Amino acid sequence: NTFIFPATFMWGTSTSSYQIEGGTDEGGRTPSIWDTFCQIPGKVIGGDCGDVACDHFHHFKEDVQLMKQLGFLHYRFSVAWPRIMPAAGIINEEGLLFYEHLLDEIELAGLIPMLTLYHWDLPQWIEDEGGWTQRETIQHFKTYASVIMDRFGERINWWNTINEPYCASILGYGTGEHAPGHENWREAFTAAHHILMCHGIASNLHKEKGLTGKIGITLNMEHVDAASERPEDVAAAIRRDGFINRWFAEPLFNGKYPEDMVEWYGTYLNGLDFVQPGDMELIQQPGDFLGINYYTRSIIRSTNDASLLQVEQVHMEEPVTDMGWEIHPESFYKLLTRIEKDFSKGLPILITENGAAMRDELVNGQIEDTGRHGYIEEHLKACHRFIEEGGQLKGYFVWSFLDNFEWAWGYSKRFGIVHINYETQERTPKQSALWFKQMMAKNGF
C-alpha cells in the first residue's frame, strides 16, 4: 500500500506577495487595496494588516535557502503590483530589483520558479479610478504585465496569470469579504469579466514576446454535493457549482458564460453590456496548463432568502481544519476527475494550492502538526488515484511554505509547513515539513 508519483511530478511550495513580504512602505511601494481594506473595522480578524507579515522582503535569501534544504525544486510566488507600478505609469526600478535579487537566489539555490502575476494586491491608486469595475484597469494591467515579461521572461519557466479570479471579483466587490470590500453584484460580475480578460491580455503579451516558459491561469474550484435528494437542494447545488466553477471555467475553455447562471443573475448582468466584441475570444486561452486550488467540498441546501444565490452551505462539523473546513479528500479526486472530463479534457493540470490550517504548538523546538501532515498525505492519495487512473496531474504546490497573513482571518490561521514566530520572525520547520522532504525524496509514500 504505497503511492509513488510520476518521475516528472513537479513538487513545490507556494506563497503570495502581500501575505508574506511586509515592507509595505519600503522600496517605493505604495498602498495596495488590502492595506486600505485591513483598516476597516470588522473586515479582518483582530484588525490584522499585511504590515510586516513574515517580512520576506528582508528574510528572502534565507527563506529560499531554507526551501532548498527542505527538498523543494519548485517555488510559486507572486509579484506585488504596488511595488512595480506605485503610480500611473512610473515603473519603480527598486521594485523590479527586489524580485530580481529574489530570482538570483532561486536559481543560485537551484530551484524552478513560477511567477504569479496577480494575487489580489491591486494598487490602491488603481481602485481610486474605480478598480476592477473599469475596462481601463485592464490597460494598467497590460502595462504591468509587459514590464515584468520584458524585464524577465528569459528566466521564468512558468507563468501563472491570475490566481483565483473568483475571490478577487465575487468576494472583493460582491460580498465585501475581500478588498476593496464593495457589495454590488453588478460590479463583482464586471470585475470577474475584466480580470478574466487580463488572463488573455498576458497570454497575448506572452505570444508576442515569444517567451518559451509555460503559461496558465489558476482557478480555485470546489466539488459540490447536494444536502439531500430534495429537488430544490439539487438545484441549489447546481447553482453553487456554476457560481464558483462554471462561471470561470466555461469562458476559459468554451468562450462563454454558463447560460443557466446568466439567467439567474439577470438584472445584475445588465444584459452582458460589459462584454465587448472580441472579449470572450480574448478570454478563451487555456494556455499550457490549468492551475487548481482546492481545500474542501461544499454541502448545499436551498433557501428562499435575500442572497444572490439563495443557497445555504451545510457546515459539516466532522473532521475540519482550524478554519472549520471539512476534510474530505474523496472530493478532491472527484473534482479533479470532473475537471479533466470537462474543460481540461488532456491539458496538464497543476495543483498550485493545497493545504490546511491547524493549531500549532511548540514542543522543544519542534511542531508536531500531525493534523496538517495527515491532511497533505490523504489529499495526495487522491491526486495519486487521479493519476494511475489516467489523470493529467503534473504537479503539486503545498500551500504556504510559511505561516502568513490569511486574509480576512489575519494571522490567526497558519497554513505553513514552516513555523513563523512573529515576535522574532525566526523560522522553524514543522514535522509535516520534514515529512514532505522525505516524501519528495522517495517521491512517494
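In this text, residue numbers run from 1 along the sequence as written.
When 316-324 is weighed against 115-123, 316-324 comes out higher, by mean CA B-factor as recorded in the entry. Per-stretch averaging of Cα B factors for 60-68 and 413-421 places 60-68 on top. Note on the listed residues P165, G174, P180, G213: the highest Cα temperature factor in the record is that of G213. Ranking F152, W81, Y375, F77 by Cα temperature factor from the entry places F152 first. Among all modelled residues in its chain, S400 ranks in the highest third by Cα B-factor. When the modelled residues of the chain are ordered by C-alpha B-factor, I33 sits in the lowest third.
When the CA B factors of the chain's modelled residues are split into thirds, the value for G278 lands in the highest one. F9: CA B factor lies in the highest third for its chain, per the PDB record. Annotation for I299: CA B-factor lies in the middle third of the chain's modelled residues.
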